[PDB]
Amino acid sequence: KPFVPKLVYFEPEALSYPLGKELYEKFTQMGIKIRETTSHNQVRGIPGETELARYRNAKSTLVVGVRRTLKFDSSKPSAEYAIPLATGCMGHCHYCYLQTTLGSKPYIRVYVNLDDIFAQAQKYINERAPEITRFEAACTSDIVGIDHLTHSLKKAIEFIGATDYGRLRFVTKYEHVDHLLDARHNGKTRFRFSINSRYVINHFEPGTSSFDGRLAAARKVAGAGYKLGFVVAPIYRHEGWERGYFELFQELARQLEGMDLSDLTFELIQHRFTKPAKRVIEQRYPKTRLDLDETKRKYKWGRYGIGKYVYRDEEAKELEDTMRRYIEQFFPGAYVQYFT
């Protein structure tokens, strides 16, 4: 069940890097169909005679390229910067914000020029030191879910672990963490899992690991000394959400029974969606029960980007207050980093 692509593209230039060569050798040996692409920013001939088909097939397609944009995006509130190791995901979460963010590039891209990327990360760390600089590695991908193929995240973990002022963090819905358990993280990596109510997981998170799988993985990473965290997102006011999210934290507490949870973090994100995201979702997941009724939402206008629908302030406050109380009840001492 670990992700393996059905189609792989290589940029010619990727072959000049160790990871490029390694991946080319691996995938040719596996007998996977391999193609050449002139830029990972434009891949041709992904199969499908319809949009939804090419979309589905794109999500089983890997592209091995070189990161040419070495300026890092901001990644608040998670981190100062997004470290670009991969883009895209094999998951099919109905609400996924990547459907607008990566609308046109739904294939999984991994970058092979780690030397360049880690060098630039160090430059950012240097520019702010002795202030701590955090990097988010899962801004635009499930980096953990694909990493068994590349070990790029493992390399990033060990790179950051060697710095004084750098810290790393990422979040996943995948359980395939075994190759990361012996990484020399040096306590500078927060390993997070996305969790949610039974309703949201069962109806909206196909193609991801089960809740039990995520928690089995969470026990493994805490066992290996990683700082642990959870991202409760998207917080979605389904019928019976109040008891739905109560049952989440109750089951969470039961699944972490007898563990050191002295440095446990929670991050809380309410469901959000853009106007372009709606009609996109409607034809990528035509039978979803996801509610995208804008009349049940308030519009938050954009600053540098486009705006989005979130819950009205009072309903958003109810969610925040309720999650905080459950976290206080079941995980005393645990730190809620933000609600948004």
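The first residue of the sequence shown is number 1, and the count goes up from there.
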- Item | Residue range whose averaged C-alpha B-factor is higher in the record, 42 to 50 or 25 to 33 | 42 to 50
- Once average C-alpha B-factors are taken from the entry for 60 to 68 and 290 to 298, the winner is 290 to 298
- Would you mind checking which of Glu136, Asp142, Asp263, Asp116 has the top Cα temperature factor in the PDB entry? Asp263
- Task: Report the option among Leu168, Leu102, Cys93, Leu153 whose CA atom has the maximum B-factor in the deposited record.
- Result: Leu102
- Task: Quick one: classify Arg254 as lowest, middle or highest third of the chain based on its Cα B-factor.
- Result: highest
- Message: Ranking the modelled residues of this chain by C-alpha B-factor as given in the entry, is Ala129 in the lowest, middle or highest third?
- Response: highest
- Item | Among modelled residues of the same chain, the CA temperature factor third for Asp164 | highest
- Item | Within-chain third of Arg312 by Cα B-factor, per the entry | middle
- Note on the structure: For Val4, the third of its chain by CA B-factor is the middle
